[PDB]
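Undergrad: This structure is in structure tokens; I'll ask about it shortly.
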Amino acid sequence: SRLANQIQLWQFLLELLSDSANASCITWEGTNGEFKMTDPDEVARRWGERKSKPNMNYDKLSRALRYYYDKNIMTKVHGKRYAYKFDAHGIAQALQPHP
Amino acid sequence: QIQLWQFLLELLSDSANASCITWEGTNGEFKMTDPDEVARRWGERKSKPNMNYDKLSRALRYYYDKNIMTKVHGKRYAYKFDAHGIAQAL
Amino acid sequence: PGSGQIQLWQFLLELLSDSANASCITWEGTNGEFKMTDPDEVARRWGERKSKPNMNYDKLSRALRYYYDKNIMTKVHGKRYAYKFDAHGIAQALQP
Amino acid sequence: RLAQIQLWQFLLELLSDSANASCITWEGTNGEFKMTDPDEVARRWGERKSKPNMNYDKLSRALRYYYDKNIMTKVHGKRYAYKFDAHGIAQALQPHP
DNA sequence: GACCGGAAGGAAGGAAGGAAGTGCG
DNA sequence: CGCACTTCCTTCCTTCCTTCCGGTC
Ligand code: NA
Ligand code: NA
């Protein structure tokens, strides 16, 4: 998170969301974990530039997001296009598991 | 694992498969001259014989973001291969 | 020898060996061609069999995809959750 | 050169002679090299050390333990792309206190 | 129906890293 | 024992689709 002091994708997003100077490509839509991609093409490019993977597009990025469904990090907001919600309870388990 | 674009240019070089696909100029502008037949071969080759143009076109409509090919705006079954896009992957 | 740690190929064969585990995974062919009827279950079982929580099919399948290069097993091109065990690789291993 | 051959040596042995470009060669005058056939490099390495089970996956692991030793680097993004750290091989042959 | 693209999911395989096991020295 | 790996996974992806649409053309 902001206490992750390689870069995971779910972190890369929170990094941008925190500084709302990057609101031109992505920002929040309701503070209850609900965020929305304003320029998915731009989001992918940055994540590409980061990983030295300039061919990286939403098409390939999207896949990586939808792997966080079984391992609960984030969720799909039904219908709402480009809308995903973070499972805070899920990341807490991942970051501090209780056997 | 052979890609889709590789499979297309397999049967465009050999014009003995002109019953399925052919050229409309050497400007990277080919023509899908038997969509139903075109769909069968990919499915048969991939062990996925349920493949139709509907699902196959989606695969070719993921080639827009990736500068590999595009559509001939309006014209039917007419897609333009990026010959400066294949050179990038050579 | 297979005394040190349980190998994944050995982990899967321990369940389909008999039944009662047929609900999540079982055989489909004499060659083998086993099929996972509930991969979500199989993942959890292997994830608790080795005491490794946060285990899914993706992480499991990746390990079974490394088995291609070694020639331990082969995948049935197209068929969903379909893999066939290769006698060649397992013969070379086993006790030696 | 400065000649149980170690792995980091085995690769540099091949890069010298331009006849081994088939499987591995240079890609820049900054110690950058690509494995043009990793499966081939593994086969030669499995024969050399006499470990015929050898692949790229296990070969690579050894090269990714070299990161901690500061022997070589991952050329980020580029496929099969690794680069030697000249600084962290002088430390091995001339460990200065 | 062609033709378009989001979204949910298989499937190959590179790359980073823990962890026990293997000789060799 | 200390080194230098080797063996075998987890882990997290990038990559190329297959499938299923709803929706415009
Ligand atoms: Na699932
Ligand atoms: Na690195």
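Ordering of the structure tokens sets the chain letters (A, B, ...); residue numbers start at 1 within each chain; ligands are numbered from 1 in the order shown.
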Could you report the residues within 12 Å of ligand 1, using only C-alpha atoms (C1' of nucleotides) and all ligand atoms, as a ChimeraX atom specification?
TA: /A:66-72 /C:37-44,55-59,81 /E:8-10
Undergrad: Identify, on the basis of only C-alpha atoms (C1' of nucleotides), every residue whose closest approach to residue 4 of chain B does not exceed 12 Å; exclude the query and any residue fewer than 5 positions from it along the same chain; express the result as a list in words.
TA: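 The residues that qualify are residues 9, 10, 11, 38, 39, 41, 42, 43, 45, 46, 56, 57, 58, 59, 60, 61, 62, 63, 68 and 69 of chain B; 16 and 17 of chain F.
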Undergrad: Can those selected residues be exported to a file as a JSON list (two decimals), in the first residue's frame so that it contains C-alpha atoms (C1' of nucleotides)?
TA:
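Ended up saving to result.json:
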```json
[["chain", "number", "residue", "atom", "x", "y", "z"],
["B", 9, "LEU", "CA", -0.13, -14.55, -43.89],
["B", 10, "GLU", "CA", 0.43, -18.38, -44.26],
["B", 11, "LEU", "CA", -2.48, -18.61, -46.80],
["B", 38, "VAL", "CA", -11.79, -18.97, -42.81],
["B", 39, "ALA", "CA", -13.32, -19.65, -39.31],
["B", 41, "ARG", "CA", -9.54, -23.80, -40.45],
["B", 42, "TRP", "CA", -8.42, -21.77, -37.34],
["B", 43, "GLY", "CA", -10.71, -23.85, -35.04],
["B", 45, "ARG", "CA", -5.88, -26.15, -36.44],
["B", 46, "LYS", "CA", -6.27, -24.92, -32.79],
["B", 56, "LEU", "CA", -12.29, -14.68, -34.68],
["B", 57, "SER", "CA", -13.09, -10.99, -35.55],
["B", 58, "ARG", "CA", -12.82, -10.08, -31.79],
["B", 59, "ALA", "CA", -9.26, -11.59, -31.94],
["B", 60, "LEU", "CA", -8.53, -9.33, -35.01],
["B", 61, "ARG", "CA", -10.28, -6.38, -33.20],
["B", 62, "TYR", "CA", -7.60, -6.73, -30.42],
["B", 63, "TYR", "CA", -5.06, -5.87, -33.23],
["B", 68, "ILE", "CA", -0.16, -4.96, -36.30],
["B", 69, "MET", "CA", -3.19, -4.37, -38.65],
["F", 16, "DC", "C1'", -2.77, -14.34, -27.13],
["F", 17, "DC", "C1'", -6.58, -15.85, -27.29]]
```
Undergrad: Write down as a PyMOL selection string the residues belonging to chain D that are assigned strand (DSSP E or B) by DSSP computed on the backbone.
TA: chain D and resi 25-26+32-34+72-74+81-84
Undergrad: I'd like the neighbourhood of residue 21 of chain C as an MDAnalysis selection string, where a residue qualifies if any of its atoms comes within 12 Å (using only C-alpha atoms (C1' of nucleotides)), though same-chain residues fewer than 2 positions away should be ignored.
TA: chainID C and resid 12:19 23:27 36:38 41:42 45
Undergrad: From the DSSP assignment of the backbone, select every residue of chain D that is helix (DSSP H, G or I), and format the answer as a PyMOL selection string.
TA: chain D and resi 7-16+18-20+38-48+56-69+87-93
Undergrad: Those selected residues, please, written with N, CA and C atoms and delivered as a short mmCIF file (atom, residue, chain, number, x, y, z; two decimals), in the first residue's frame.
TA:
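Output (out-v7.cif):
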```
data_model
loop_
_atom_site.label_atom_id
_atom_site.label_comp_id
_atom_site.auth_asym_id
_atom_site.auth_seq_id
_atom_site.Cartn_x
_atom_site.Cartn_y
_atom_site.Cartn_z
N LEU D 7 29.42 -21.08 -13.29
CA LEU D 7 28.44 -20.77 -14.37
C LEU D 7 28.82 -19.44 -15.05
N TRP D 8 29.04 -18.39 -14.27
CA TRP D 8 29.36 -17.02 -14.78
C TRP D 8 30.55 -17.08 -15.74
N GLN D 9 31.50 -17.98 -15.49
CA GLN D 9 32.70 -18.22 -16.35
C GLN D 9 32.26 -18.91 -17.65
N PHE D 10 31.48 -19.98 -17.54
CA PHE D 10 31.01 -20.85 -18.65
C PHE D 10 30.38 -19.99 -19.76
N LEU D 11 29.61 -18.97 -19.39
CA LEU D 11 28.92 -18.06 -20.34
C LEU D 11 29.95 -17.18 -21.06
N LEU D 12 30.87 -16.58 -20.30
CA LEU D 12 31.93 -15.67 -20.82
C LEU D 12 32.86 -16.45 -21.76
N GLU D 13 33.08 -17.74 -21.48
CA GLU D 13 33.86 -18.68 -22.34
C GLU D 13 33.25 -18.70 -23.74
N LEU D 14 31.91 -18.74 -23.83
CA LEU D 14 31.15 -18.87 -25.10
C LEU D 14 31.14 -17.53 -25.85
N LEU D 15 30.91 -16.42 -25.13
CA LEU D 15 30.75 -15.06 -25.71
C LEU D 15 32.01 -14.64 -26.48
N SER D 16 33.19 -15.09 -26.04
CA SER D 16 34.51 -14.79 -26.66
C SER D 16 34.53 -15.26 -28.12
N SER D 18 33.03 -16.28 -31.54
CA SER D 18 31.84 -15.78 -32.28
C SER D 18 31.09 -16.94 -32.97
N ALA D 19 31.60 -18.17 -32.85
CA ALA D 19 31.00 -19.40 -33.42
C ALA D 19 29.85 -19.91 -32.54
N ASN D 20 29.71 -19.37 -31.32
CA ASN D 20 28.70 -19.79 -30.32
C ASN D 20 27.52 -18.81 -30.30
N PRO D 38 18.06 -20.29 -25.19
CA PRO D 38 18.28 -20.68 -23.80
C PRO D 38 18.29 -22.20 -23.64
N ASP D 39 17.40 -22.89 -24.35
CA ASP D 39 17.26 -24.37 -24.32
C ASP D 39 18.59 -25.01 -24.73
N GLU D 40 19.31 -24.38 -25.67
CA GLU D 40 20.62 -24.86 -26.19
C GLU D 40 21.72 -24.61 -25.14
N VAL D 41 21.73 -23.41 -24.54
CA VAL D 41 22.72 -23.01 -23.49
C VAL D 41 22.61 -23.99 -22.32
N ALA D 42 21.38 -24.33 -21.93
CA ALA D 42 21.04 -25.27 -20.83
C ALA D 42 21.61 -26.66 -21.14
N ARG D 43 21.45 -27.12 -22.38
CA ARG D 43 21.87 -28.47 -22.85
C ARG D 43 23.40 -28.61 -22.71
N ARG D 44 24.14 -27.57 -23.11
CA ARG D 44 25.63 -27.51 -23.01
C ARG D 44 26.05 -27.47 -21.54
N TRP D 45 25.30 -26.75 -20.70
CA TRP D 45 25.56 -26.58 -19.25
C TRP D 45 25.24 -27.87 -18.49
N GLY D 46 24.18 -28.58 -18.90
CA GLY D 46 23.78 -29.89 -18.35
C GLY D 46 24.77 -30.98 -18.71
N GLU D 47 25.50 -30.82 -19.82
CA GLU D 47 26.55 -31.76 -20.29
C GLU D 47 27.87 -31.43 -19.58
N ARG D 48 28.21 -30.13 -19.48
CA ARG D 48 29.46 -29.62 -18.86
C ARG D 48 29.54 -30.10 -17.41
N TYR D 56 16.44 -23.96 -18.65
CA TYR D 56 16.68 -22.51 -18.47
C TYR D 56 16.21 -22.07 -17.07
N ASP D 57 15.06 -22.58 -16.63
CA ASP D 57 14.40 -22.23 -15.34
C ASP D 57 15.40 -22.33 -14.19
N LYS D 58 16.16 -23.42 -14.13
CA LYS D 58 17.17 -23.70 -13.06
C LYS D 58 18.46 -22.93 -13.36
N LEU D 59 18.87 -22.89 -14.63
CA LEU D 59 20.02 -22.09 -15.12
C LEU D 59 19.82 -20.63 -14.71
N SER D 60 18.63 -20.08 -15.00
CA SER D 60 18.24 -18.68 -14.69
C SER D 60 18.32 -18.43 -13.18
N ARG D 61 17.81 -19.36 -12.37
CA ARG D 61 17.79 -19.25 -10.88
C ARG D 61 19.19 -18.87 -10.39
N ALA D 62 20.21 -19.60 -10.85
CA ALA D 62 21.64 -19.37 -10.52
C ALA D 62 22.03 -17.92 -10.86
N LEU D 63 21.57 -17.43 -12.01
CA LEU D 63 21.87 -16.06 -12.52
C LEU D 63 21.13 -15.02 -11.68
N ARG D 64 20.02 -15.41 -11.04
CA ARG D 64 19.16 -14.51 -10.22
C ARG D 64 19.65 -14.53 -8.76
N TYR D 65 20.51 -15.48 -8.40
CA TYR D 65 21.26 -15.50 -7.11
C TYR D 65 22.50 -14.61 -7.22
N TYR D 66 22.97 -14.37 -8.45
CA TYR D 66 24.12 -13.48 -8.77
C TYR D 66 23.75 -12.02 -8.50
N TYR D 67 22.46 -11.68 -8.51
CA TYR D 67 21.93 -10.33 -8.20
C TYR D 67 22.35 -9.92 -6.78
N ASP D 68 22.17 -10.83 -5.81
CA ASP D 68 22.53 -10.63 -4.38
C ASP D 68 24.05 -10.48 -4.26
N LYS D 69 24.82 -11.21 -5.09
CA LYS D 69 26.31 -11.18 -5.12
C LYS D 69 26.80 -9.94 -5.89
N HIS D 87 32.23 -4.20 -11.68
CA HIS D 87 32.53 -3.78 -10.29
C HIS D 87 32.47 -4.99 -9.35
N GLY D 88 31.45 -5.85 -9.51
CA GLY D 88 31.19 -6.99 -8.62
C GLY D 88 31.74 -8.30 -9.16
N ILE D 89 32.86 -8.25 -9.89
CA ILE D 89 33.71 -9.44 -10.24
C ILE D 89 35.15 -9.17 -9.81
N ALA D 90 35.58 -7.90 -9.83
CA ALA D 90 36.85 -7.41 -9.24
C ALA D 90 36.83 -7.63 -7.72
N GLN D 91 35.65 -7.54 -7.10
CA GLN D 91 35.43 -7.79 -5.65
C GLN D 91 35.68 -9.26 -5.31
N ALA D 92 35.47 -10.17 -6.27
CA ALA D 92 35.63 -11.63 -6.10
C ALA D 92 37.10 -12.02 -6.31
N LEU D 93 37.74 -11.48 -7.35
CA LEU D 93 39.14 -11.81 -7.75
C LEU D 93 40.14 -10.94 -6.97
#
```
Undergrad: Given a cut-off of 9 Å, what residues near ligand 2 show up using only C-alpha atoms (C1' of nucleotides) and all ligand atoms, put as JSON, numbers by chain?
TA: {"A": [6], "D": [64, 67, 73, 74, 75, 76], "E": [15, 16]}
Undergrad: Take the residues that were just selected and, keeping N, CA and C atoms (P, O5', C5', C4', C3', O3' and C1' of nucleotides), output them as a PDB file, in the first residue's frame.
TA:
```pdb
ATOM      1  N   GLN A   6       9.634  -6.380  -6.717  1.00  0.00           N
ATOM      2  CA  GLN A   6       9.269  -5.350  -7.727  1.00  0.00           C
ATOM      3  C   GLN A   6       7.935  -4.707  -7.339  1.00  0.00           C
TER       4      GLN A   6
ATOM      5  N   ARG D  64      20.016 -15.409 -11.041  1.00  0.00           N
ATOM      6  CA  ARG D  64      19.165 -14.508 -10.217  1.00  0.00           C
ATOM      7  C   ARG D  64      19.648 -14.525  -8.759  1.00  0.00           C
ATOM      8  N   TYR D  67      22.456 -11.684  -8.506  1.00  0.00           N
ATOM      9  CA  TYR D  67      21.928 -10.327  -8.197  1.00  0.00           C
ATOM     10  C   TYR D  67      22.346  -9.919  -6.780  1.00  0.00           C
ATOM     11  N   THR D  73      23.334  -8.226 -13.701  1.00  0.00           N
ATOM     12  CA  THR D  73      22.077  -7.435 -13.603  1.00  0.00           C
ATOM     13  C   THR D  73      21.033  -7.990 -14.577  1.00  0.00           C
ATOM     14  N   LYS D  74      19.749  -7.753 -14.290  1.00  0.00           N
ATOM     15  CA  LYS D  74      18.628  -7.951 -15.245  1.00  0.00           C
ATOM     16  C   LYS D  74      18.483  -6.680 -16.086  1.00  0.00           C
ATOM     17  N   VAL D  75      18.761  -6.771 -17.390  1.00  0.00           N
ATOM     18  CA  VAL D  75      18.428  -5.706 -18.381  1.00  0.00           C
ATOM     19  C   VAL D  75      16.900  -5.681 -18.504  1.00  0.00           C
ATOM     20  N   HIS D  76      16.252  -4.834 -17.697  1.00  0.00           N
ATOM     21  CA  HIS D  76      14.782  -4.799 -17.464  1.00  0.00           C
ATOM     22  C   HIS D  76      14.030  -4.803 -18.801  1.00  0.00           C
TER      23      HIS D  76
ATOM     24  P    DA E  15      13.362 -13.178 -19.155  1.00  0.00           P
ATOM     25  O5'  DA E  15      12.980 -12.847 -17.646  1.00  0.00           O
ATOM     26  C5'  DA E  15      12.069 -11.780 -17.324  1.00  0.00           C
ATOM     27  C4'  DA E  15      11.942 -11.625 -15.825  1.00  0.00           C
ATOM     28  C3'  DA E  15      13.205 -11.951 -15.023  1.00  0.00           C
ATOM     29  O3'  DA E  15      13.315 -11.042 -13.919  1.00  0.00           O
ATOM     30  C1'  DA E  15      11.472 -13.310 -14.281  1.00  0.00           C
ATOM     31  P    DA E  16      14.437 -11.248 -12.789  1.00  0.00           P
ATOM     32  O5'  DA E  16      14.120 -10.098 -11.731  1.00  0.00           O
ATOM     33  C5'  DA E  16      12.765  -9.784 -11.338  1.00  0.00           C
ATOM     34  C4'  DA E  16      12.393 -10.406 -10.007  1.00  0.00           C
ATOM     35  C3'  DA E  16      13.542 -10.807  -9.072  1.00  0.00           C
ATOM     36  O3'  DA E  16      13.341 -10.222  -7.780  1.00  0.00           O
ATOM     37  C1'  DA E  16      11.970 -12.565  -9.253  1.00  0.00           C
TER      38       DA E  16
END
```
Undergrad: Find the residues in chain C near chain F: any atom within 12 Å counts, using only C-alpha atoms (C1' of nucleotides). Write them as a PyMOL selection string.
TA: chain C and resi 4-9+47+50+52-67+70+78+80
Undergrad: Take the residues that were just selected and, keeping C-alpha atoms, output them as a PDB file, in the first residue's frame.
TA:
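Wrote it out as selection_5.pdb, contents follow:
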```pdb
ATOM      1  CA  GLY C   4      12.371 -36.072   0.989  1.00  0.00           C
ATOM      2  CA  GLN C   5       9.435 -33.838  -0.051  1.00  0.00           C
ATOM      3  CA  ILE C   6       6.097 -34.702  -1.774  1.00  0.00           C
ATOM      4  CA  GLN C   7       6.338 -33.709  -5.475  1.00  0.00           C
ATOM      5  CA  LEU C   8       3.223 -32.098  -7.068  1.00  0.00           C
ATOM      6  CA  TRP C   9       2.783 -34.974  -9.638  1.00  0.00           C
ATOM      7  CA  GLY C  47      -2.507 -25.475  -0.601  1.00  0.00           C
ATOM      8  CA  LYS C  50       1.840 -28.436   1.782  1.00  0.00           C
ATOM      9  CA  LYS C  52       0.528 -23.037   1.662  1.00  0.00           C
ATOM     10  CA  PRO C  53      -2.633 -20.850   1.986  1.00  0.00           C
ATOM     11  CA  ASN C  54      -3.459 -18.296  -0.809  1.00  0.00           C
ATOM     12  CA  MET C  55      -3.086 -21.096  -3.468  1.00  0.00           C
ATOM     13  CA  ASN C  56      -5.238 -21.037  -6.696  1.00  0.00           C
ATOM     14  CA  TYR C  57      -5.286 -23.017 -10.028  1.00  0.00           C
ATOM     15  CA  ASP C  58      -3.151 -20.316 -11.817  1.00  0.00           C
ATOM     16  CA  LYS C  59      -0.200 -20.887  -9.370  1.00  0.00           C
ATOM     17  CA  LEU C  60      -0.822 -24.707  -9.495  1.00  0.00           C
ATOM     18  CA  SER C  61      -1.112 -24.885 -13.358  1.00  0.00           C
ATOM     19  CA  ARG C  62       2.139 -22.801 -13.730  1.00  0.00           C
ATOM     20  CA  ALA C  63       4.018 -25.597 -11.826  1.00  0.00           C
ATOM     21  CA  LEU C  64       2.333 -28.215 -14.132  1.00  0.00           C
ATOM     22  CA  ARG C  65       3.401 -26.073 -17.183  1.00  0.00           C
ATOM     23  CA  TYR C  66       7.095 -26.335 -16.024  1.00  0.00           C
ATOM     24  CA  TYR C  67       6.466 -30.160 -16.300  1.00  0.00           C
ATOM     25  CA  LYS C  70      11.074 -31.930 -18.284  1.00  0.00           C
ATOM     26  CA  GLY C  78      -7.789 -27.290 -26.144  1.00  0.00           C
ATOM     27  CA  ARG C  80     -10.491 -27.731 -20.358  1.00  0.00           C
TER      28      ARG C  80
END
```
Undergrad: Please check the contacts: residues of chain C at most 10 Å away from chain B, using only C-alpha atoms, listed as JSON, numbers by chain.
TA: {"C": [76, 77, 78, 79]}
Undergrad: In Å to one decimal, how far is atom CA of residue 5 of chain B from atom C1' of residue 6 of chain E?
TA: 22.9 Å
Undergrad: With distances taken over only C-alpha atoms, which residue among A:44, A:21, A:64, A:92 lies nearest residue 8 of chain A?
TA: A:64
Undergrad: Do me a favour and pick out the residues of chain A within 12 Å of chain F, using only C-alpha atoms (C1' of nucleotides), as an MDAnalysis selection string.
TA: chainID A and resid 6:10 47:48 51:68 71 79
Undergrad: What gap, in Å, lies between atom CA of residue 77 of chain D and atom CA of residue 55 of chain D?
TA: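 Value for the atom CA of residue 77 of chain D-atom CA of residue 55 of chain D distance: 21.3 Å.
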Undergrad: Rounded to one decimal, what separation in Å do you get between atom CA of residue 84 of chain C and atom CA of residue 31 of chain C?
TA: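 Atom CA of residue 31 of chain C lies at a distance of 6.9 Å from atom CA of residue 84 of chain C.
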Undergrad: Would you kindly report the residues of chain E within 12 Å of chain D, using only C-alpha atoms (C1' of nucleotides), as a ChimeraX atom specification?
TA: /E:13-18,22-25
Undergrad: Tell me, as a list in words, which residues lie within 9 Å of segment 70-77 of chain B, counting only C-alpha atoms (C1' of nucleotides); anything in the same chain fewer than 6 positions away does not count.
TA: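 Counting only the stated atoms, we get residues 29, 30, 31, 32, 33, 35, 60, 61, 63 and 64 of chain B; 2 of chain E.
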Undergrad: Pick out the chain B residues within 10 Å of chain A. Count only C-alpha atoms. Give them as a list in words.
TA: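 Within 10 Å of chain A on chain B, we get residues 62, 65, 66 and 67 of chain B.
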Undergrad: Between A:43, A:49, A:20, A:4, which one has atoms that come closest to chain D, using only C-alpha atoms?
TA: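 Of A:43, A:49, A:20, A:4, the one nearest chain D is A:49, counting only C-alpha atoms.
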